[PDB]
file input_21.txt (compact mmCIF, C-alpha atoms)
# COMPACT_ATOMS: atom_id res chain seq x y z
CA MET A 1 0.00 0.00 0.00
CA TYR A 2 1.05 3.50 -0.85
CA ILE A 3 -0.84 6.62 0.10
CA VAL A 4 -0.81 10.30 -0.72
CA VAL A 5 -2.13 12.39 2.15
CA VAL A 6 -3.36 15.91 1.36
CA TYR A 7 -4.81 18.17 4.03
CA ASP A 8 -6.42 21.49 4.77
CA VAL A 9 -5.90 22.27 8.46
CA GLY A 10 -6.25 25.67 10.10
CA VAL A 11 -2.94 27.27 11.19
CA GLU A 12 -1.72 26.75 14.75
CA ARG A 13 -2.70 23.11 14.39
CA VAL A 14 -1.16 22.53 10.97
CA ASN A 15 2.43 22.57 12.27
CA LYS A 16 1.20 19.82 14.61
CA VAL A 17 -0.06 17.49 11.86
CA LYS A 18 3.01 18.34 9.80
CA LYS A 19 5.36 17.13 12.53
CA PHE A 20 3.26 13.94 12.81
CA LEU A 21 3.33 12.95 9.12
CA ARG A 22 7.02 13.83 8.85
CA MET A 23 7.59 10.75 11.01
CA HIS A 24 5.35 8.54 8.91
CA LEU A 25 5.51 9.70 5.32
CA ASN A 26 7.57 11.81 2.95
CA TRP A 27 6.88 15.52 2.43
CA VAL A 28 6.22 16.37 -1.24
CA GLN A 29 4.93 19.93 -1.04
CA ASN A 30 3.06 22.04 1.46
CA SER A 31 0.08 20.06 2.74
CA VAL A 32 1.12 16.97 0.82
CA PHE A 33 2.84 13.80 2.11
CA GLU A 34 3.16 10.36 0.50
CA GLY A 35 4.89 7.08 1.18
CA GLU A 36 4.50 3.35 1.69
CA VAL A 37 2.73 1.99 4.75
CA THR A 38 1.56 -1.23 6.36
CA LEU A 39 -2.14 -1.91 7.00
CA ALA A 40 -1.12 -1.24 10.58
CA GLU A 41 0.81 1.98 10.12
CA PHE A 42 -1.95 3.22 7.85
CA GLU A 43 -4.38 2.82 10.74
CA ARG A 44 -1.90 4.57 13.01
CA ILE A 45 -1.47 7.61 10.76
CA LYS A 46 -5.23 8.15 10.55
CA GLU A 47 -5.55 7.17 14.22
CA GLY A 48 -3.37 9.99 15.51
CA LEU A 49 -4.38 12.36 12.76
CA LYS A 50 -7.92 11.59 14.00
CA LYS A 51 -7.28 13.39 17.29
CA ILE A 52 -4.40 15.63 16.19
CA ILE A 53 -7.03 17.37 14.06
CA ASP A 54 -10.40 19.04 14.66
CA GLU A 55 -13.29 17.75 12.57
CA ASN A 56 -16.10 20.10 11.55
CA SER A 57 -13.35 22.50 10.59
CA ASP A 58 -10.45 20.61 9.05
CA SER A 59 -10.26 18.35 6.00
CA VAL A 60 -7.91 15.44 5.27
CA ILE A 61 -7.91 13.25 2.14
CA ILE A 62 -5.97 10.00 2.03
CA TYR A 63 -5.79 8.35 -1.38
CA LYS A 64 -5.06 4.64 -1.23
CA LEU A 65 -2.83 3.46 -4.08
CA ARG A 66 -1.05 0.19 -4.77
CA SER A 67 2.33 1.80 -5.55
CA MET A 68 4.15 5.14 -6.04
CA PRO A 69 2.16 6.86 -8.85
CA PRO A 70 3.85 8.69 -11.67
CA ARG A 71 3.68 12.50 -11.38
CA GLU A 72 4.22 15.65 -13.41
CA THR A 73 5.49 18.61 -11.39
CA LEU A 74 5.46 22.28 -12.27
CA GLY A 75 7.30 25.10 -10.54
CA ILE A 76 9.89 24.61 -7.83
CA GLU A 77 9.93 20.90 -7.02
CA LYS A 78 9.40 21.09 -3.28
CA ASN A 79 11.42 17.83 -3.19
CA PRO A 80 13.47 15.79 -5.77
CA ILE A 81 11.84 12.45 -6.62
CA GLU A 82 15.15 10.72 -5.87
CA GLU A 83 15.70 12.31 -2.47
CA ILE A 84 12.73 10.49 -0.93
CA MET B 1 -6.36 8.66 -17.48
CA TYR B 2 -7.33 10.17 -14.18
CA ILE B 3 -5.33 12.78 -12.33
CA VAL B 4 -5.28 14.39 -8.92
CA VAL B 5 -3.85 17.90 -9.05
CA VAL B 6 -2.53 19.40 -5.81
CA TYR B 7 -0.99 22.85 -5.68
CA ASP B 8 0.72 25.43 -3.53
CA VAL B 9 0.28 28.83 -5.18
CA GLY B 10 0.75 32.20 -3.51
CA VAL B 11 -2.50 34.13 -2.87
CA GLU B 12 -3.68 36.67 -5.45
CA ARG B 13 -2.82 34.12 -8.11
CA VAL B 14 -4.41 31.11 -6.45
CA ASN B 15 -7.99 32.26 -7.17
CA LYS B 16 -6.81 32.38 -10.79
CA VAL B 17 -5.65 28.75 -10.96
CA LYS B 18 -8.72 27.73 -8.98
CA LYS B 19 -11.07 29.21 -11.58
CA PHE B 20 -9.06 27.41 -14.30
CA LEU B 21 -9.20 23.90 -12.82
CA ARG B 22 -12.87 24.33 -11.91
CA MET B 23 -13.49 24.16 -15.65
CA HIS B 24 -11.34 21.09 -16.14
CA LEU B 25 -11.52 18.97 -13.02
CA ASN B 26 -13.56 18.45 -9.87
CA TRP B 27 -12.77 20.30 -6.63
CA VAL B 28 -12.13 17.90 -3.71
CA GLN B 29 -10.74 20.21 -1.04
CA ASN B 30 -8.78 23.42 -0.94
CA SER B 31 -5.84 23.13 -3.34
CA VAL B 32 -7.00 19.75 -4.58
CA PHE B 33 -8.78 18.87 -7.85
CA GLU B 34 -9.22 15.50 -9.57
CA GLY B 35 -11.03 14.08 -12.56
CA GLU B 36 -10.74 12.18 -15.81
CA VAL B 37 -8.97 13.71 -18.79
CA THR B 38 -7.87 12.97 -22.34
CA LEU B 39 -4.18 12.96 -23.32
CA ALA B 40 -5.13 16.22 -24.98
CA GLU B 41 -6.98 17.89 -22.12
CA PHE B 42 -4.21 16.78 -19.79
CA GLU B 43 -1.76 18.74 -21.91
CA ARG B 44 -4.16 21.68 -21.89
CA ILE B 45 -4.53 21.78 -18.10
CA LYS B 46 -0.76 21.84 -17.60
CA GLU B 47 -0.42 24.13 -20.64
CA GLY B 48 -2.50 26.94 -19.17
CA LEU B 49 -1.46 26.19 -15.63
CA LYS B 50 2.07 26.60 -17.04
CA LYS B 51 1.52 30.32 -17.63
CA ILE B 52 -1.30 30.91 -15.15
CA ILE B 53 1.34 30.22 -12.50
CA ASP B 54 4.77 31.62 -11.60
CA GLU B 55 7.59 29.10 -11.37
CA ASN B 56 10.45 29.66 -8.93
CA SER B 57 7.76 30.44 -6.41
CA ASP B 58 4.79 28.15 -6.92
CA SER B 59 4.49 24.37 -6.82
CA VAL B 60 2.05 22.07 -8.64
CA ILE B 61 1.95 18.25 -8.45
CA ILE B 62 -0.08 16.23 -10.92
CA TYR B 63 -0.36 12.54 -10.12
CA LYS B 64 -1.19 10.40 -13.14
CA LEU B 65 -3.49 7.48 -12.28
CA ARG B 66 -5.37 4.99 -14.42
CA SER B 67 -8.71 5.45 -12.63
CA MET B 68 -10.44 7.17 -9.67
CA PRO B 69 -8.45 5.95 -6.60
CA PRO B 70 -10.12 4.89 -3.41
CA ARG B 71 -9.84 7.45 -0.58
CA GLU B 72 -10.32 7.80 3.16
CA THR B 73 -11.48 11.25 4.27
CA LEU B 74 -11.37 12.80 7.70
CA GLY B 75 -13.10 15.94 8.90
CA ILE B 76 -15.66 17.86 6.89
CA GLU B 77 -15.80 16.22 3.46
CA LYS B 78 -15.21 19.27 1.30
CA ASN B 79 -17.32 17.40 -1.29
CA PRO B 80 -19.46 14.18 -1.29
CA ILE B 81 -17.93 11.41 -3.43
CA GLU B 82 -21.28 11.02 -5.21
CA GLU B 83 -21.74 14.71 -6.03
CA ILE B 84 -18.80 14.72 -8.46

call {"tool": "encode", "arguments": {"input": "input_21.txt", "output": "C-alpha cells"}}
result
Amino acid sequence: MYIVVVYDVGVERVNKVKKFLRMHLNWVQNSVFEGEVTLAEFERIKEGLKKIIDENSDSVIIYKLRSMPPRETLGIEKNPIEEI
Amino acid sequence: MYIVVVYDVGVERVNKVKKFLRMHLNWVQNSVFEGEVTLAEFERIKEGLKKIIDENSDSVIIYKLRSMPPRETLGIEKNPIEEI
C-alpha cells in the first residue's frame, strides 16, 4: 500500500499534523505527504491524525494506491523524486 | 487517465488557478482537484497552468493514475464522493 495524504488544516494546528506525518511519510509539497505503509501503520497515521485534528473544521484526504504513482510537477519541485 | 492535481500557489494568483481547474476537473478540497482527462486535455490543463502560475515560487503536483483511486477522508468532506 502507498498513500498520498493531502490536508487542509487551520494554522496553529497545521504545524502539529506536519510534525506527525514527517515521522510517517515523505513531504512532497506544502500540505502533501506520500509514502508506503503497512495496513497497521496506515491505521496509526489516521488514528493519531484523527485526534491531532479538529473535525467540523479541518479536511484530510488520504488516497489509497497500490504503488508510487507517476507524477508531473510544475514550478519549484518542493522535493526531488530521488531524495525520498 | 485520471489525475489528482494538488498545488501550492501564492494568494492573489491562487484564485486564478482555482477558476481554471474548476473548468477542467472536480474540486475535492482546498488546493486539490481530480477528474478524468484525455491525453489532450491533460496537456491543456498543464499548458495553461504553465503560464497561469509563476515558477520559482509556486508548486504544482499532478499525479497520473489509471482510474479514480479509493480514498479515506477525515473531517468535513469538502465534497461528497457522489456529487462529483

call {"tool": "closest_residue", "arguments": {"input": "input_21.txt", "among": "B:80, B:66, B:45, B:4", "to": "residue 21 in chain B", "atoms": "all atoms listed in the file"}}
result
B:45

call {"tool": "closest_atom_pairs", "arguments": {"input": "input_21.txt", "of": "chain A", "to": "chain B", "cutoff": "10 Å", "atoms": "only C-alpha atoms", "output": "CSV"}}
result
residue,atom,partner,partner_atom,distance
A:3,CA,B:71,CA,9.1
A:4,CA,B:71,CA,9.5
A:5,CA,B:72,CA,9.4
A:6,CA,B:32,CA,8.0
A:7,CA,B:29,CA,8.1
A:8,CA,B:30,CA,6.5
A:9,CA,B:75,CA,9.6
A:28,CA,B:61,CA,8.6
A:29,CA,B:59,CA,7.3
A:30,CA,B:8,CA,6.5
A:31,CA,B:8,CA,8.3
A:32,CA,B:6,CA,7.9
A:46,CA,B:74,CA,8.2
A:49,CA,B:74,CA,8.6
A:50,CA,B:74,CA,7.3
A:53,CA,B:75,CA,8.1
A:54,CA,B:75,CA,7.1
A:55,CA,B:75,CA,4.1
A:56,CA,B:76,CA,5.2
A:57,CA,B:76,CA,6.4
A:58,CA,B:75,CA,5.4
A:59,CA,B:75,CA,4.7
A:60,CA,B:74,CA,5.0
A:61,CA,B:73,CA,4.6
A:62,CA,B:72,CA,5.0
A:63,CA,B:71,CA,4.2
A:64,CA,B:70,CA,5.5
A:65,CA,B:69,CA,6.6
A:66,CA,B:69,CA,9.6
A:68,CA,B:63,CA,9.6
A:69,CA,B:63,CA,6.3
A:70,CA,B:64,CA,5.5
A:71,CA,B:63,CA,4.2
A:72,CA,B:62,CA,5.0
A:73,CA,B:61,CA,4.6
A:74,CA,B:60,CA,5.0
A:75,CA,B:55,CA,4.1
A:76,CA,B:56,CA,5.2
A:77,CA,B:59,CA,6.5
A:78,CA,B:59,CA,6.9

call {"tool": "residues_around", "arguments": {"input": "input_21.txt", "residues": "residue 38 in chain B", "least_positions_apart": "3", "cutoff": "8 Å", "atoms": "all atoms listed in the file", "output": "number ranges by chain"}}
result
B: 1, 41-42

call {"tool": "write_last_selection", "arguments": {"input": "input_21.txt", "atoms": "C-alpha atoms", "output": "CSV table (one decimal), in the frame of the given file"}}
result
chain,number,residue,atom,x,y,z
B,1,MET,CA,-6.4,8.7,-17.5
B,41,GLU,CA,-7.0,17.9,-22.1
B,42,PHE,CA,-4.2,16.8,-19.8

call {"tool": "closest_residue", "arguments": {"input": "input_21.txt", "among": "B:67, B:43, B:13, B:83", "to": "residue 26 in chain B", "atoms": "all atoms listed in the file"}}
result
B:83

call {"tool": "build_atoms", "arguments": {"input": "input_21.txt", "residues": "range 3-35 of chain B", "atoms": "N, CA and C atoms", "output": "PDB file, keeping the file's coordinate frame"}}
result
ATOM      1  N   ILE B   3      -6.384  12.114 -13.080  1.00  0.00           N
ATOM      2  CA  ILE B   3      -5.330  12.780 -12.330  1.00  0.00           C
ATOM      3  C   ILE B   3      -5.847  13.542 -11.133  1.00  0.00           C
ATOM      4  N   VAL B   4      -4.983  13.655 -10.134  1.00  0.00           N
ATOM      5  CA  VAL B   4      -5.280  14.390  -8.920  1.00  0.00           C
ATOM      6  C   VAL B   4      -4.252  15.499  -8.959  1.00  0.00           C
ATOM      7  N   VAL B   5      -4.725  16.735  -9.000  1.00  0.00           N
ATOM      8  CA  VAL B   5      -3.850  17.900  -9.050  1.00  0.00           C
ATOM      9  C   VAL B   5      -3.833  18.611  -7.698  1.00  0.00           C
ATOM     10  N   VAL B   6      -2.659  18.708  -7.087  1.00  0.00           N
ATOM     11  CA  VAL B   6      -2.530  19.400  -5.810  1.00  0.00           C
ATOM     12  C   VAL B   6      -1.584  20.570  -6.051  1.00  0.00           C
ATOM     13  N   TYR B   7      -1.858  21.716  -5.448  1.00  0.00           N
ATOM     14  CA  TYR B   7      -0.990  22.850  -5.680  1.00  0.00           C
ATOM     15  C   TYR B   7      -0.800  23.791  -4.510  1.00  0.00           C
ATOM     16  N   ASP B   8       0.336  24.467  -4.548  1.00  0.00           N
ATOM     17  CA  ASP B   8       0.720  25.430  -3.530  1.00  0.00           C
ATOM     18  C   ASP B   8       1.045  26.699  -4.307  1.00  0.00           C
ATOM     19  N   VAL B   9       0.067  27.589  -4.438  1.00  0.00           N
ATOM     20  CA  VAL B   9       0.280  28.830  -5.180  1.00  0.00           C
ATOM     21  C   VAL B   9       0.010  30.046  -4.309  1.00  0.00           C
ATOM     22  N   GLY B  10       0.936  31.002  -4.310  1.00  0.00           N
ATOM     23  CA  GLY B  10       0.750  32.200  -3.510  1.00  0.00           C
ATOM     24  C   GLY B  10      -0.604  32.843  -3.773  1.00  0.00           C
ATOM     25  N   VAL B  11      -1.193  33.476  -2.753  1.00  0.00           N
ATOM     26  CA  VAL B  11      -2.500  34.130  -2.870  1.00  0.00           C
ATOM     27  C   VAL B  11      -2.477  35.169  -3.999  1.00  0.00           C
ATOM     28  N   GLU B  12      -3.644  35.680  -4.378  1.00  0.00           N
ATOM     29  CA  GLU B  12      -3.680  36.670  -5.450  1.00  0.00           C
ATOM     30  C   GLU B  12      -2.982  36.093  -6.668  1.00  0.00           C
ATOM     31  N   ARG B  13      -3.347  34.857  -6.979  1.00  0.00           N
ATOM     32  CA  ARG B  13      -2.820  34.120  -8.110  1.00  0.00           C
ATOM     33  C   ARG B  13      -3.361  32.706  -7.953  1.00  0.00           C
ATOM     34  N   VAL B  14      -3.835  32.412  -6.747  1.00  0.00           N
ATOM     35  CA  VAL B  14      -4.410  31.110  -6.450  1.00  0.00           C
ATOM     36  C   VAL B  14      -5.824  31.107  -7.048  1.00  0.00           C
ATOM     37  N   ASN B  15      -6.624  32.104  -6.671  1.00  0.00           N
ATOM     38  CA  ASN B  15      -7.990  32.260  -7.170  1.00  0.00           C
ATOM     39  C   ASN B  15      -8.005  32.047  -8.691  1.00  0.00           C
ATOM     40  N   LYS B  16      -6.943  32.502  -9.348  1.00  0.00           N
ATOM     41  CA  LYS B  16      -6.810  32.380 -10.790  1.00  0.00           C
ATOM     42  C   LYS B  16      -6.715  30.916 -11.238  1.00  0.00           C
ATOM     43  N   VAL B  17      -5.815  30.157 -10.613  1.00  0.00           N
ATOM     44  CA  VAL B  17      -5.650  28.750 -10.960  1.00  0.00           C
ATOM     45  C   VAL B  17      -6.858  27.936 -10.539  1.00  0.00           C
ATOM     46  N   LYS B  18      -7.538  28.403  -9.493  1.00  0.00           N
ATOM     47  CA  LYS B  18      -8.720  27.730  -8.980  1.00  0.00           C
ATOM     48  C   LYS B  18      -9.840  27.809 -10.022  1.00  0.00           C
ATOM     49  N   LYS B  19     -10.051  29.003 -10.565  1.00  0.00           N
ATOM     50  CA  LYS B  19     -11.070  29.210 -11.580  1.00  0.00           C
ATOM     51  C   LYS B  19     -10.781  28.299 -12.771  1.00  0.00           C
ATOM     52  N   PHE B  20      -9.508  28.237 -13.172  1.00  0.00           N
ATOM     53  CA  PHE B  20      -9.060  27.410 -14.300  1.00  0.00           C
ATOM     54  C   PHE B  20      -9.372  25.919 -14.161  1.00  0.00           C
ATOM     55  N   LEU B  21      -8.964  25.315 -13.048  1.00  0.00           N
ATOM     56  CA  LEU B  21      -9.200  23.900 -12.820  1.00  0.00           C
ATOM     57  C   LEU B  21     -10.671  23.570 -12.607  1.00  0.00           C
ATOM     58  N   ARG B  22     -11.445  24.547 -12.142  1.00  0.00           N
ATOM     59  CA  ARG B  22     -12.870  24.330 -11.910  1.00  0.00           C
ATOM     60  C   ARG B  22     -13.593  24.061 -13.222  1.00  0.00           C
ATOM     61  N   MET B  23     -12.923  24.353 -14.329  1.00  0.00           N
ATOM     62  CA  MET B  23     -13.490  24.160 -15.650  1.00  0.00           C
ATOM     63  C   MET B  23     -12.821  22.996 -16.350  1.00  0.00           C
ATOM     64  N   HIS B  24     -12.040  22.241 -15.590  1.00  0.00           N
ATOM     65  CA  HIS B  24     -11.340  21.090 -16.140  1.00  0.00           C
ATOM     66  C   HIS B  24     -11.506  19.869 -15.276  1.00  0.00           C
ATOM     67  N   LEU B  25     -11.427  20.071 -13.966  1.00  0.00           N
ATOM     68  CA  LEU B  25     -11.520  18.970 -13.020  1.00  0.00           C
ATOM     69  C   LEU B  25     -12.506  19.283 -11.899  1.00  0.00           C
ATOM     70  N   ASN B  26     -12.681  18.320 -11.003  1.00  0.00           N
ATOM     71  CA  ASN B  26     -13.560  18.450  -9.870  1.00  0.00           C
ATOM     72  C   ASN B  26     -12.773  18.920  -8.664  1.00  0.00           C
ATOM     73  N   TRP B  27     -13.410  19.734  -7.826  1.00  0.00           N
ATOM     74  CA  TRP B  27     -12.770  20.300  -6.630  1.00  0.00           C
ATOM     75  C   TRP B  27     -13.038  19.395  -5.435  1.00  0.00           C
ATOM     76  N   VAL B  28     -11.987  18.801  -4.868  1.00  0.00           N
ATOM     77  CA  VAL B  28     -12.130  17.900  -3.710  1.00  0.00           C
ATOM     78  C   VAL B  28     -12.027  18.644  -2.388  1.00  0.00           C
ATOM     79  N   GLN B  29     -10.948  19.400  -2.230  1.00  0.00           N
ATOM     80  CA  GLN B  29     -10.740  20.210  -1.040  1.00  0.00           C
ATOM     81  C   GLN B  29      -9.908  21.362  -1.529  1.00  0.00           C
ATOM     82  N   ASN B  30      -9.570  22.256  -0.613  1.00  0.00           N
ATOM     83  CA  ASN B  30      -8.780  23.420  -0.940  1.00  0.00           C
ATOM     84  C   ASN B  30      -7.423  22.980  -1.474  1.00  0.00           C
ATOM     85  N   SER B  31      -7.109  23.440  -2.681  1.00  0.00           N
ATOM     86  CA  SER B  31      -5.840  23.130  -3.340  1.00  0.00           C
ATOM     87  C   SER B  31      -5.798  21.744  -3.955  1.00  0.00           C
ATOM     88  N   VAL B  32      -6.943  21.074  -3.990  1.00  0.00           N
ATOM     89  CA  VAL B  32      -7.000  19.750  -4.580  1.00  0.00           C
ATOM     90  C   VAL B  32      -8.135  19.563  -5.592  1.00  0.00           C
ATOM     91  N   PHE B  33      -7.792  19.154  -6.809  1.00  0.00           N
ATOM     92  CA  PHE B  33      -8.780  18.870  -7.850  1.00  0.00           C
ATOM     93  C   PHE B  33      -8.436  17.514  -8.466  1.00  0.00           C
ATOM     94  N   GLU B  34      -9.445  16.798  -8.943  1.00  0.00           N
ATOM     95  CA  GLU B  34      -9.220  15.500  -9.570  1.00  0.00           C
ATOM     96  C   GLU B  34     -10.309  15.262 -10.586  1.00  0.00           C
ATOM     97  N   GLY B  35     -10.043  14.382 -11.545  1.00  0.00           N
ATOM     98  CA  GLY B  35     -11.030  14.080 -12.560  1.00  0.00           C
ATOM     99  C   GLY B  35     -10.411  13.315 -13.693  1.00  0.00           C
TER     100      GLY B  35
END
